[PDB]
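These notes concern the structure reproduced below.
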Amino acid sequence: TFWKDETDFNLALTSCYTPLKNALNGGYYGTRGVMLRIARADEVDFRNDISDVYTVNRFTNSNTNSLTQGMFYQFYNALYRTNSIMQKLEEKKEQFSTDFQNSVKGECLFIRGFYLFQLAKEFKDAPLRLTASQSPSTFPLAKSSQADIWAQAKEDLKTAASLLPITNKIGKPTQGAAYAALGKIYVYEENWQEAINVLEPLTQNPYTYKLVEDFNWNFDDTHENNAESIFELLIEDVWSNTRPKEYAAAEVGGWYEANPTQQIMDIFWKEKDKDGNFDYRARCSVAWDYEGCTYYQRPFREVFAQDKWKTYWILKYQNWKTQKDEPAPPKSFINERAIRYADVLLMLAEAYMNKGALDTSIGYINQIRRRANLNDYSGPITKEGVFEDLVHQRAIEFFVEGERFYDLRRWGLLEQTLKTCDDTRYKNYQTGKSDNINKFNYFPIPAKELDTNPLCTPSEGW
Ligand SMILES: [Ca+2]
Ligand SMILES: [Ca+2]
Ligand SMILES: [Ca+2]
Ligand SMILES: [Ca+2]
Ligand SMILES: [Cl-]
Ligand SMILES: [Cl-]
Ligand SMILES: [Cl-]
Ligand SMILES: [Cl-]
Ligand SMILES: [Cl-]
Ligand SMILES: [Cl-]
Ligand SMILES: [Cl-]
């Protein structure tokens, strides 16, 4: 049996990240999870191949969607694992040094808090399981509110931050990762003072976080664990199906599953850089018909026939400059950067703007602008001005990193942003409007859960 020594507990901990890596069943950072995360904003249109993603993209999904179901249950698999470790550690604490106990608890609570965050971010109100039975329990359990789930997540992440080291092996959390995750929960709750409290210190000694000079190093193989990295996942490192082939054009052997919308391209192109060129972030994120655009190591206009010169293609997290194709199986893996320092800077910008330190906020925005070789912020020194560029910089900075939908949602900008993006998607989205909510703002509790758990009420609007 297991649980015998420090090595066994360390192996258990590593296994708690596996549900984030799951490819086909809704693991959060696996290919299908990524699709669900990017599908609902104005970033991309999906083709109608992977039906459960297409319905999500189009706002026609139901509470039987197998992929959103899978996402739900992956979260609970991970919770079961983290709860089990906590229980086993308590049971066996007498054989472990207090230092080892602290290391395990710190990591385990980081992991539990991160998953709890995502659970209530995606499903709003949901059953809150903080104990693990011998088997994952199918006993009935009424939902907890988003606030209560996030309360647990904050408690976990506070304790984690206090116990974790300033540096760690790649894929293992640091105190900075715990603080940054905690800060994000404060941002989502509009607790601006506490966001500032936990995030501002991350910009100072003894931390070493910095924006990398080359934005693209955040999304490559060779600069994994770079100086901007806060927490990264090694997806291939796991009680074949990877991201880049999905988004590459048929012309280079891919499955062309999604393309950037006109609206998102308009956002990328709006403001040119100090030298008059397109924002380097846009040039790292999408391929389109501009002079010198390359795609899989050929000129754009040579890869694509003339009738396709007006199309748009995703580059972020693709092998678009290291390779000429996307073979299957993949030759290498590009870690998912779950948290990076740009996130801390833009979260501070947002917190300071909302609290009323506009100059401070602008300073943080300008760090982001300067890395991208843009002029500094030139909008009015007002909350509304600074908010307009916050939104704009986040859209460009975190394209297809799974932020845009949740951002638009929490800001109350989603409805108007979909309105300008596509008439039919907007029409479908508006069918979800009832009372003062929209049912499409969160994935519904799956039909399977409502059937198996009679104390669970359906999601509002569903
Ligand atoms: Ca199905
Ligand atoms: Ca520490
Ligand atoms: Ca790698
Ligand atoms: Ca439009
Ligand atoms: Cl449709
Ligand atoms: Cl569906
Ligand atoms: Cl390492
Ligand atoms: Cl490393
Ligand atoms: Cl506040
Ligand atoms: Cl296109
Ligand atoms: Cl909205």
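In the structure tokens, chains take letters A, B, ... by order of appearance, with residues numbered from 1 within each chain and ligands from 1 in the order shown.
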
Running DSSP on the backbone, which parts of stretch 227-417 of chain A land in helix (DSSP H, G or I), as a count of residues only?
85

Contact residues around stretch 397-414 of chain A with only C-alpha atoms at 6 Å, ignoring same-chain residues under 5 positions, as a ChimeraX atom specification
/A:37-38,41

Distance filter 12 Å around ligand 10, atoms: only C-alpha atoms and all ligand atoms, out as a PyMOL selection string
chain A and resi 43-47+247-249+256-265+286-289+304+307-314

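You will find atom CA of residue A:171 at 11.0 Å from atom CA of residue A:107.
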
Shell around residue A:192 at 10 Å using only C-alpha atoms, local window under 4 positions removed, as a tab-separated table (two decimals) with C-alpha atoms, in the first residue's frame:
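Generated output (around.tsv):
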```
chain	number	residue	atom	x	y	z
A	183	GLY	CA	-5.42	38.15	-5.41
A	186	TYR	CA	-10.22	39.31	-4.40
A	187	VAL	CA	-10.40	40.91	-7.87
A	188	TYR	CA	-13.38	38.69	-8.83
A	196	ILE	CA	-3.62	45.35	-3.37
A	197	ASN	CA	-2.46	43.91	-0.05
A	347	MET	CA	-4.74	43.05	-11.54
A	348	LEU	CA	-2.95	45.84	-9.61
A	350	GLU	CA	-7.48	47.30	-11.92
A	351	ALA	CA	-7.46	47.40	-8.11
A	352	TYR	CA	-5.75	50.79	-7.97
A	353	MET	CA	-8.13	52.21	-10.61
A	354	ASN	CA	-11.19	51.05	-8.67
A	355	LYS	CA	-9.79	52.40	-5.35
```

Please produce, as JSON lines, a per-residue contact table for stretch 228-247 of chain A versus stretch 7-28 of chain A (criterion: any atom at most 9 Å away, only C-alpha atoms considered), showing the nearest atom pair and its distance in Å to one decimal, sorted by chain then residue number.
```
{"residue": "A:233", "atom": "CA", "partner": "A:21", "partner_atom": "CA", "distance": 8.0}
{"residue": "A:234", "atom": "CA", "partner": "A:21", "partner_atom": "CA", "distance": 8.1}
{"residue": "A:235", "atom": "CA", "partner": "A:21", "partner_atom": "CA", "distance": 5.2}
{"residue": "A:236", "atom": "CA", "partner": "A:21", "partner_atom": "CA", "distance": 7.7}
{"residue": "A:237", "atom": "CA", "partner": "A:18", "partner_atom": "CA", "distance": 8.3}
{"residue": "A:238", "atom": "CA", "partner": "A:18", "partner_atom": "CA", "distance": 5.9}
{"residue": "A:239", "atom": "CA", "partner": "A:15", "partner_atom": "CA", "distance": 8.6}
{"residue": "A:240", "atom": "CA", "partner": "A:23", "partner_atom": "CA", "distance": 8.8}
{"residue": "A:241", "atom": "CA", "partner": "A:23", "partner_atom": "CA", "distance": 6.2}
{"residue": "A:242", "atom": "CA", "partner": "A:23", "partner_atom": "CA", "distance": 7.0}
{"residue": "A:243", "atom": "CA", "partner": "A:23", "partner_atom": "CA", "distance": 8.9}
```

Distance filter 12 Å around ligand 4, atoms: only C-alpha atoms and all ligand atoms, out as a list in words
residues 42, 261, 262, 263, 264, 265, 266, 267, 416, 417, 418, 419, 420, 421, 422, 423, 424, 425 and 426 of chain A

Spatial neighbours of stretch 114-118 of chain A, 10 Å, only C-alpha atoms, chain gap at least 3 places, as a JSON list (two decimals) with N, CA and C atoms, in the first residue's frame:
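The new file out_7.json reads:
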```json
[["chain", "number", "residue", "atom", "x", "y", "z"],
["A", 17, "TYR", "N", -2.64, 17.32, -9.78],
["A", 17, "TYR", "CA", -2.69, 18.20, -10.96],
["A", 17, "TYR", "C", -3.21, 17.50, -12.20],
["A", 19, "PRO", "N", -6.08, 16.06, -12.98],
["A", 19, "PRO", "CA", -7.36, 16.47, -13.55],
["A", 19, "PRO", "C", -7.33, 17.80, -14.29],
["A", 20, "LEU", "N", -6.37, 18.69, -14.05],
["A", 20, "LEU", "CA", -6.20, 19.93, -14.85],
["A", 20, "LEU", "C", -5.66, 19.63, -16.24],
["A", 28, "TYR", "N", -9.17, 21.29, -17.09],
["A", 28, "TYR", "CA", -9.25, 22.74, -17.30],
["A", 28, "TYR", "C", -8.22, 23.26, -18.28],
["A", 72, "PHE", "N", -17.04, 19.69, -14.84],
["A", 72, "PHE", "CA", -17.60, 19.65, -13.50],
["A", 72, "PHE", "C", -16.97, 18.53, -12.70],
["A", 74, "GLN", "N", -14.32, 16.65, -13.32],
["A", 74, "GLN", "CA", -12.85, 16.72, -13.13],
["A", 74, "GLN", "C", -12.50, 17.54, -11.91],
["A", 75, "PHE", "N", -13.22, 18.65, -11.69],
["A", 75, "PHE", "CA", -13.01, 19.47, -10.51],
["A", 75, "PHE", "C", -13.22, 18.63, -9.25],
["A", 76, "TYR", "N", -14.27, 17.83, -9.22],
["A", 76, "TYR", "CA", -14.57, 17.04, -8.03],
["A", 76, "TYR", "C", -13.58, 15.87, -7.80],
["A", 78, "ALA", "N", -10.38, 16.10, -8.54],
["A", 78, "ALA", "CA", -9.22, 16.76, -7.94],
["A", 78, "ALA", "C", -9.48, 17.08, -6.49],
["A", 79, "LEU", "N", -10.67, 17.57, -6.16],
["A", 79, "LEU", "CA", -11.00, 17.86, -4.77],
["A", 79, "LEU", "C", -10.90, 16.63, -3.89],
["A", 82, "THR", "N", -7.19, 15.98, -3.20],
["A", 82, "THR", "CA", -6.61, 16.90, -2.24],
["A", 82, "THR", "C", -7.16, 16.70, -0.83],
["A", 108, "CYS", "N", -0.94, 21.21, -0.91],
["A", 108, "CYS", "CA", -2.25, 20.65, -1.01],
["A", 108, "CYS", "C", -3.36, 21.73, -0.94],
["A", 109, "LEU", "N", -3.24, 22.68, -0.01],
["A", 109, "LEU", "CA", -4.17, 23.80, 0.05],
["A", 109, "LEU", "C", -4.09, 24.77, -1.10],
["A", 110, "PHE", "N", -2.91, 24.94, -1.72],
["A", 110, "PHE", "CA", -2.81, 25.74, -2.92],
["A", 110, "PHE", "C", -3.68, 25.07, -3.98],
["A", 111, "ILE", "N", -3.50, 23.75, -4.10],
["A", 111, "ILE", "CA", -4.18, 23.02, -5.15],
["A", 111, "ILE", "C", -5.69, 23.06, -4.91],
["A", 121, "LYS", "N", -16.08, 29.73, -10.26],
["A", 121, "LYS", "CA", -15.97, 30.60, -11.43],
["A", 121, "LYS", "C", -16.77, 30.09, -12.61],
["A", 122, "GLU", "N", -16.84, 28.76, -12.75],
["A", 122, "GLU", "CA", -17.53, 28.15, -13.89],
["A", 122, "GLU", "C", -18.98, 27.81, -13.63],
["A", 123, "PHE", "N", -19.30, 27.40, -12.40],
["A", 123, "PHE", "CA", -20.65, 26.90, -12.08],
["A", 123, "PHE", "C", -21.44, 27.73, -11.08],
["A", 124, "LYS", "N", -20.78, 28.77, -10.56],
["A", 124, "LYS", "CA", -21.39, 29.72, -9.61],
["A", 124, "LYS", "C", -21.66, 29.04, -8.29],
["A", 128, "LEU", "N", -20.30, 21.60, -2.19],
["A", 128, "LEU", "CA", -18.97, 21.90, -1.65],
["A", 128, "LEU", "C", -18.54, 20.71, -0.82],
["A", 129, "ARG", "N", -17.67, 19.89, -1.40],
["A", 129, "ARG", "CA", -17.20, 18.66, -0.75],
["A", 129, "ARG", "C", -15.81, 18.88, -0.12],
["A", 146, "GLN", "N", -21.53, 30.59, -4.55],
["A", 146, "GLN", "CA", -20.23, 31.07, -5.04],
["A", 146, "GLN", "C", -19.42, 31.72, -3.93],
["A", 149, "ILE", "N", -18.03, 29.06, -1.56],
["A", 149, "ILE", "CA", -16.99, 28.28, -2.19],
["A", 149, "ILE", "C", -15.69, 29.09, -2.25],
["A", 150, "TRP", "N", -15.80, 30.31, -2.75],
["A", 150, "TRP", "CA", -14.64, 31.19, -2.76],
["A", 150, "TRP", "C", -14.11, 31.52, -1.35],
["A", 151, "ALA", "N", -14.97, 31.57, -0.35],
["A", 151, "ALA", "CA", -14.49, 31.75, 1.03],
["A", 151, "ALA", "C", -13.55, 30.64, 1.44],
["A", 152, "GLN", "N", -13.92, 29.39, 1.15],
["A", 152, "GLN", "CA", -13.05, 28.26, 1.42],
["A", 152, "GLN", "C", -11.76, 28.38, 0.63],
["A", 153, "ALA", "N", -11.88, 28.74, -0.63],
["A", 153, "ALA", "CA", -10.72, 28.88, -1.51],
["A", 153, "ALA", "C", -9.75, 29.93, -0.97],
["A", 154, "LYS", "N", -10.28, 31.05, -0.49],
["A", 154, "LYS", "CA", -9.43, 32.09, 0.12],
["A", 154, "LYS", "C", -8.74, 31.58, 1.37],
["A", 156, "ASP", "N", -7.94, 28.48, 2.13],
["A", 156, "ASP", "CA", -6.92, 27.54, 1.65],
["A", 156, "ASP", "C", -5.69, 28.28, 1.14],
["A", 157, "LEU", "N", -5.90, 29.28, 0.26],
["A", 157, "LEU", "CA", -4.81, 29.98, -0.39],
["A", 157, "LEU", "C", -4.05, 30.91, 0.58],
["A", 177, "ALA", "N", 2.72, 32.24, -6.19],
["A", 177, "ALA", "CA", 1.59, 31.62, -6.90],
["A", 177, "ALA", "C", 0.33, 31.67, -6.01],
["A", 178, "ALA", "N", 0.47, 31.31, -4.74],
["A", 178, "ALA", "CA", -0.66, 31.35, -3.80],
["A", 178, "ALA", "C", -1.18, 32.78, -3.63],
["A", 181, "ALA", "N", -2.98, 33.79, -6.93],
["A", 181, "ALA", "CA", -4.30, 33.16, -7.05],
["A", 181, "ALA", "C", -5.31, 33.80, -6.06],
["A", 182, "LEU", "N", -4.85, 34.05, -4.86],
["A", 182, "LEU", "CA", -5.66, 34.69, -3.85],
["A", 182, "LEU", "C", -6.09, 36.07, -4.32],
["A", 184, "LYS", "N", -6.51, 37.10, -7.30],
["A", 184, "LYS", "CA", -7.49, 36.98, -8.34],
["A", 184, "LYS", "C", -8.86, 36.76, -7.76],
["A", 185, "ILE", "N", -8.99, 35.95, -6.69],
["A", 185, "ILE", "CA", -10.27, 35.80, -6.04],
["A", 185, "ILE", "C", -10.73, 37.18, -5.50],
["A", 188, "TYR", "N", -12.07, 39.16, -8.40],
["A", 188, "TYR", "CA", -13.38, 38.69, -8.83],
["A", 188, "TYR", "C", -14.48, 39.08, -7.85]]
```

Residues of stretch 273-389 of chain A that approach stretch 30-35 of chain A to 12 Å or less, counting only C-alpha atoms: could you list each one with the shortest pair of atoms and its distance in Å to one decimal, rows by chain and increasing residue number, as a tab-separated table?
```
residue	atom	partner	partner_atom	distance
A:317	CA	A:34	CA	11.3
A:333	CA	A:30	CA	11.9
A:334	CA	A:30	CA	11.8
A:335	CA	A:30	CA	10.8
A:336	CA	A:30	CA	9.1
A:338	CA	A:34	CA	11.5
```

Extract the full set of strand (DSSP E) residues from stretch 75-165 of chain A according to DSSP on the backbone, and format it as a PyMOL selection string.
chain A and resi 126-127+143-144
